[PDB]
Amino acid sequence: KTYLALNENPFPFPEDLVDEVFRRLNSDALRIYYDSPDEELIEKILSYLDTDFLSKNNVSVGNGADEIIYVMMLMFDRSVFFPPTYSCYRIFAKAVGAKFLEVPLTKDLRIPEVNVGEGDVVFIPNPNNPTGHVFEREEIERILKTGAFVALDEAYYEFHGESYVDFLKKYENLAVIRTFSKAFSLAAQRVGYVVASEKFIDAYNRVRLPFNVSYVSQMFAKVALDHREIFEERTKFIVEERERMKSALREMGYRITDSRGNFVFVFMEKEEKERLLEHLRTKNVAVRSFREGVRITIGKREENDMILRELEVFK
C-alpha cells in the first residue's frame, strides 16, 4: 500500500551500510550490555552537530527521539505543548503522568502566551509537525526567557536547515531532540539523541534507560553518520519533492502550511477531509489525518505524484 502517513523516509536504509553494520558488529558484543551512548556514537554525533561549544557531556541518546520525549516528561513538573503538534506529546505525557498544558498555537501558527516558567518543559517541535511549519528563533527565545526548560524537538532538522542548538551557548534551559528515524531511514532502529547543558544531560541519563539504544542500532546510527552525504542527498530529494508539491497543492486551490519537514500539511474541514480519506482508502493510499487538515508524508515520486492526482479529481 502507498504509505505516506508517519513521515517515514521513503528510501530504505542503504543495503550497503547494512553490510557495514554487519561487518562492524562483533558477535561477542551482543552478549554484553553494550553502552547506551557509545563513546564513538557521540563523537560522530558531535561532528554531525558541527558545533564549537558542545562536547561529550553535552549530548545523550534515546531509544528513538520518542524516548527522550518520553523520559524528559519524567523529569519536569509540567509538560507544555501546543496543538496541533506531535500527536505523541499528549499520549506519552498521559502514559507518563506528566502534568501537561495544551495551549493551541495562535490563529497564525505562532507560540501562544503561556504562564510557563522554570519547572516547566515546553515541547516545541520545530519544524512543527504536523504543520511542518517553523517558528522563527524569536518565538523560542520568548519562552526561554521565561526560564521554562524548552524541549526543542528537531525531528525534522535535516529537512529544514537551521537548528537552534546554538542557543545552548546562551541558554542552559534548552535541550534539542534530533533523531535518525527520519533523515536516516532508521525509524525501525529507534535512535534519537539530545543536546543540552551537561546539567540537563546528566539528569537525563539518570532517568533514561541505562541501555535504551540497542548495540546494533547505534552501529546503524554511527554508520549512517559515517556516510552522511548519502542521506543528505536523500533529504535533498525529500525537500525538493515536498516543495514541488506544496506549490502544487497551493496551485490546486488548497490551504496548506509552509512546511519545512519531510511532509506537507493540507487543511480542510471534517466534511471534505473525511471524504478524501475514504477515497484514498480505496486507492490503497494512506496519509495521516489530524484536525484542521491532513499530513501526507513525502515518498518517492510515484507515491507523491499519486497523492497530487487524487486531490485534483477531488477538489
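Between two forms, the rigid core is defined as the largest C-alpha subset superposing within 1.5 Å. Each residue number is its position in the shown sequence, starting from 1.
Here 178 to 186 and 93 to 101 are scored by the root mean square distance of their C-alpha atoms in 4 other deposited structures of this protein, with each structure fitted by the rigid core; the higher score goes to 93 to 101. In terms of root mean square C-alpha deviation after superposing on the rigid core in 4 other deposited structures of this protein, the stretch standing farther out between 204 to 212 and 187 to 195 is 204 to 212. For the pair 271 to 279 and 60 to 68, the mean B factor over Cα atoms is greater in 271 to 279.
Here 21 to 29 and 303 to 311 are compared by their mean Cα B-factor, and 303 to 311 comes out higher. Of the candidates 149, 220, 86, 100, the PDB record gives 86 the highest C-alpha temperature factor. Ranked against the other modelled residues of its chain, the C-alpha B-factor of residue 81 as given in the entry falls in the middle third. Annotation for residue 243: CA B-factor lies in the middle third of the chain's modelled residues.
Residue 262: CA B factor in the lowest third of modelled residues in this chain (values from the PDB entry). When all modelled residues of the chain are sorted by CA temperature factor, residue 234 is found within the lowest third. Among the modelled residues of its chain, residue 53 has a C-alpha B-factor that falls in the lowest third, as given in the PDB entry.
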